[PDB]
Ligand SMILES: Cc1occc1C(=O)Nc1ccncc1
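In C-alpha cells, one chain follows: the form solved without the named molecule.
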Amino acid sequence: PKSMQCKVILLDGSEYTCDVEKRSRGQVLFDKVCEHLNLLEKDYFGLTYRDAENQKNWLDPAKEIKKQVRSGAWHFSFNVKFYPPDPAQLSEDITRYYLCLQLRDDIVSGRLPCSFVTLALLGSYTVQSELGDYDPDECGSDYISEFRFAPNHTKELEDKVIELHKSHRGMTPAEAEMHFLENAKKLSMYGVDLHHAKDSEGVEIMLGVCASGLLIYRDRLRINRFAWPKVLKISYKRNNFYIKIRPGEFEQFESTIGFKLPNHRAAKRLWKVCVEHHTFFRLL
C-alpha cells in the first residue's frame, strides 16, 4: 500500500507531517490533523490548499485528495471553515482556542478589519491568555510585543495593548479567549468569506458569504444583504453565478441577480461555499 506525505500548516504557524494511502479521501487526513490537535468539535474546521493559480480551495473530505490537489504539492492549511455566531456555545475551550488563533490571523492579514481600540482590546486578551498577568519587568516604556496584533503596528497600538492588559489581572486563558471571542464576533466582517465579482452591468463588487446570508458590497454606500430565508436558489453556469430571491408576500415572481466571476472555477468555488454555509444556517 503506497502512502503520500502530507504537510499541514497549523494555526500557530507550525507544520504537521503525516502519511495517508495515496487514494485517501480528505476526511482521512483531516481526522489525523484533528487527533493531533486534540480537537473534538471538528465540524467548524477544514483543510485548505493553494491551487495552480494560487487561490484557496477547501479540501472536500468526501473526495480523493489526489483528484483535488491534482498536479500540486500535498501541502495544506488547517482553518476555520464555519465561524460560530455564538462562540460561548461551543462545548470545549480547545475549540475556542483554535477559533482565536484563526481570528488573530484574520486580523493581522486585514481580512477582518478592526478599529484601533478593538485591535488593542483583542491584543490585550491574547497577551493575558499567552503570558498571564501584566508584569512591568518584561514591559518598559519602549516595549514591543512579539505578538502580531494588526495589519500595521504602531507604538500607539503597543501602548494601548499594555494599558488594557493591566486591567485583566487574574484572568485565565479560557476567560481571556472567551472575551476575545465576545468582541471579535461583533465585527462587521466576522466569518465573512469575500469573493471578487462583477454585477450584471459589469461593475466590480464583492460577494460575502457568512452564517446569516449573502452580502453584496457594491461600495460603502449600498450594501445589499440577503438573509438565507430570502434566497430561493443559487446556480452557476460558465463564469456566471446567479441568485434567485423570494418575492415579498403577494408579488408573484422571484427576482434573479446574476454575477460575473473571473472564471468557471471561481464561480464553482463560490457556489460550493454558499451551499455549505446554507446547510450550516439550516442546522443551527
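Heads up, when I say rigid core I mean the largest set of C-alphas that superpose within 1.5 Å between the two forms. One rule holds for the numbers: they count along the sequence shown, beginning at 1.
Put simply, when the other structures in 9 other deposited structures of this protein are lined up on the rigid core, the C-alpha atoms of 141 to 149 lie farther off than those of the other stretch, from 124 to 132 and 141 to 149.
Taking 255 to 263 and 241 to 249 in turn, the stretch whose Cα atoms are more displaced from the shown form in 9 other deposited structures of this protein following rigid core superposition is 241 to 249. Annotation for 102 to 110 versus 146 to 154: the higher mean temperature factor (C-alpha) is found in 146 to 154.
Comparing 242 to 250 with 33 to 41, the stretch with the higher mean C-alpha B-factor in the PDB entry is 242 to 250. Taking the deposited Cα B-factors for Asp193, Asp159, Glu177, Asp137, the highest one is held by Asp137. For the set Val69, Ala227, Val28, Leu47, the maximum C-alpha B-factor listed in the entry falls on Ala227. In the PDB entry, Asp60 places in the lowest third of its chain by CA B-factor.
Ranked within its chain, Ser141 lands in the highest third, by CA B factor from the PDB record. In this PDB entry, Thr172 carries a Cα temperature factor that places it within the middle third of its chain's modelled residues.
When the modelled residues of the chain are ordered by C-alpha B-factor, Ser188 sits in the middle third. Compared with the other modelled residues of the chain, the Cα B-factor recorded for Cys210 ranks in the lowest third.
Just so it is clear, the following notes concern the form solved in complex with the named molecule, a form of the same protein that is not shown.
Take the named molecule as it sits in the deposited bound form, overlay the site C-alphas onto this chain, and 3 or more of its atoms land within 2.4 Å of the backbone or a C-beta, so the site here is blocked.
Contact check for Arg282: a non-hydrogen atom falls within 4.5 Å of the named molecule in the deposited bound form. The closest heavy atom approach of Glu35 to the named molecule in the deposited bound form falls outside 4.5 Å. Of the heavy atoms in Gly132, none are within 4.5 Å of the named molecule in the deposited bound form.
Looking at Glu251, you'd find every heavy atom of it more than 4.5 angstroms from the named molecule in the deposited bound form. Residues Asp43, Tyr44 of 13 to 46 are found to place at least one heavy atom within 4.5 Å of the named molecule in the deposited bound form.
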